[PDB]
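Colleague: Chains as they are written, first to last, in the authors' numbering: chain C, 626 to 635; chain A, 123 to 159, 218 to 419. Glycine included, every Cβ here is placed at the ideal spot set by N, Cα and C. Have a look at this one before I ask anything.
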Amino acid sequence: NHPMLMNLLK
Amino acid sequence: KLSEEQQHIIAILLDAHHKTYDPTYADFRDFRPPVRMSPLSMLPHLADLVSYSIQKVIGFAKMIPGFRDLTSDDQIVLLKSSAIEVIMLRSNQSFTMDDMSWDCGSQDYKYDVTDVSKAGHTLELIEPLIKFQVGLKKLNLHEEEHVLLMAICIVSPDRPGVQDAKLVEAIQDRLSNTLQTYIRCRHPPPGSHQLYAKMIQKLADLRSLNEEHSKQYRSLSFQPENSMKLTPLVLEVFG
Ligand SMILES: C=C1[C@H](O)CC(=C/C=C2\CCC[C@]3(C)[C@@H]([C@H](C)CCCC(=O)c4ccc(O)cc4)CC[C@@H]23)C[C@H]1O
């Protein structure tokens with residue numbers, strides 16, 4: 626459920 | 123002995139940290155200005229610094245050997261729970277015992293008890309946060325030890341919501357063993373005395389700091405006007 630954290634982790 | 127794989131691990135973590143931690147603090151100029159005068221006056225500035233510090237912590241995390249083998253869900257769980265702890269840990273670098281403050285290069289960017297208080301946080305967090313910073317400063321860690329501690333904090337298998345705990349443990353153990361062995365070969369006494377155990381104790385102090393941070397975050401957040409002054413990344417990561 627974490628759009629931004631996911632984007633920065635990719 | 124300290125193995126080439128372990129020497130490699132240290133190398134990676136030092137560079138990873140150098141790329142994610144600017145000791146000149148040049149980016150602080152992008153943050154909403156600090157206001158010390218005025219309730220919650222410091223909140224926009226510190227919310228922004230935390231937001232930034234979150235991104236930089238993620239940047240460090242991605243570069244930890246074995247972190248990339250984890251599921252995205254687990255990467256996410258580990259970052260969510262450790263972010264504030266790693267921010268507390270990395271902040272030791274700017275913290276100074278000279279006057280018990282975080283000194284980020286200029287008086288506008290030097291922060292103290294009253295400034296954190298002006299960010300909506302009480303002494304329940306701040307008194308033990310500063311204690312934590314003094315106790316960690318007193319360890320006078322090698323930079324090598326500093327980067328390993330931050331990485332071990334991030335890869336913890338007991339964080340709630342952790343799926344592949346066995347794999348998380350295997351990564352952390354590799355970093356733990358790297359740290360034990362480094363202290364023995366590279367840290368001369370008496371600085372090395374019980375140093376591993378003292379570092380581990382700091383991971384326990386951080387859990388408690390994290391718990392308190394969460395309660396106060398939740399209280400401040402109940403009011404939507406405060407939450408308005410935070411950043412989207414901070415809302416996503418802290419809740
Ligand atoms: C680059 C770095 C580090 O990443 C971060 C640095 C310092 C960090 C500090 C020192 C000053 C005070 C800091 C920022 C702590 C504050 C408690 C954070 C306060 C702002 C905040 O996060 C918040 C405010 C309101 C709310 O509803 C929810 C959250 C958290 C960690 C504390 C300086 C510097 O060495």
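#1: Quick check on A:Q255 - is its C-beta less than 9 Å from some C-beta in chain C?
#2: Ignoring anything shorter than 3 residues or poking outside the stretch 271 to 305 of chain A, list the beta strand (DSSP E) runs there in chain order.
#3: Would you tell me roughly how many angstroms separate the C-alpha atoms of A:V237 and A:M159, rounded to the nearest one?
#4: Beta-carbon of A:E265 versus every beta-carbon of chain C: anything under 9 Å?
#5: Who are the near neighbours of A:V414 in its chain, counting only those whose CB is closer than 8 Å to its CB and skipping five residues on each side?
#6: Can the beta-carbon of A:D385 be found less than 9 Å from the beta-carbon of A:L250?
#7: Looking only at C-alpha atoms, which of A:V327, A:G300, A:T294, A:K318 sits nearest to residue 439 of chain A?
#8: At least one CB of chain C closer than 9 Å to the CB of A:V417: is that the case?
#9: With a threshold of 8 Å, establish whether the CB of C:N626 neighbours any heavy atom of ligand 1.
#10: Taking a cut of 7 Å between CB atoms, which residues from the stretch 230 to 253 of chain A lie near chain C?
#11: Under 8 Å Cβ-Cβ, which residues of chain C neighbour A:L259?
#12: I need the boundaries of the alpha helix (DSSP H) containing A:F240, first residue and last residue.
#13: Who are the neighbours of A:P412 on chain C, taking C-beta pairs under 8 Å?
#14: Within 10 Å of its beta-carbon, does A:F275 have 16 or more other beta-carbons around it, so buried, or fewer, so exposed?
#15: Leaving aside the five residues before and after A:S407 along the sequence, list all residues of the same chain whose C-beta is less than 6 Å from its C-beta, in chain order.
#16: Quick one: what does DSSP say A:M159 is sitting in, helix, strand or coil?
#17: Could you round the C-beta distance between A:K317 and A:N390 to whole angstroms and report it? I think they count as a contact, below 8 Å.
#18: Output the boundary residues of the alpha helix (DSSP H) element that contains A:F418.
#19: Determine the DSSP secondary structure at A:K395, reduced to helix, strand or coil.
#20: Assuming A:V327 contacts A:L136 (C-beta within less than 8 Å), just tell me the rounded distance between them.
#21: Could you tell me how far apart the beta carbons of A:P340 and A:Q352 are, in whole angstroms, since I believe they sit closer than 8 Å?
#22: The alpha helix (DSSP H) with A:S407 in it runs from where to where?
#23: Quick one: Cα of A:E349 to Cα of A:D253, how far?
Modeller: Taking the geometry as given:
#1: yes
#2: 281 to 283
#3: 31 Å
#4: no
#5: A227, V230, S231, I234
#6: no
#7: The first residue shown for chain A is 123 and the last is 419, placing residue 439 of chain A beyond what the model contains.
#8: yes
#9: no
#10: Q235, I238, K242, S252
#11: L630, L634
#12: 223 to 242
#13: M629
#14: buried
#15: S401
#16: coil
#17: Not really, about 20 Å apart at Cβ, beyond 8 Å.
#18: 412 to 418
#19: helix
#20: 6 Å
#21: Going by Cβ atoms, the distance from A:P340 to A:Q352 rounds to 16 Å, so no, they are not a contact pair.
#22: 404 to 408
#23: 16 Å
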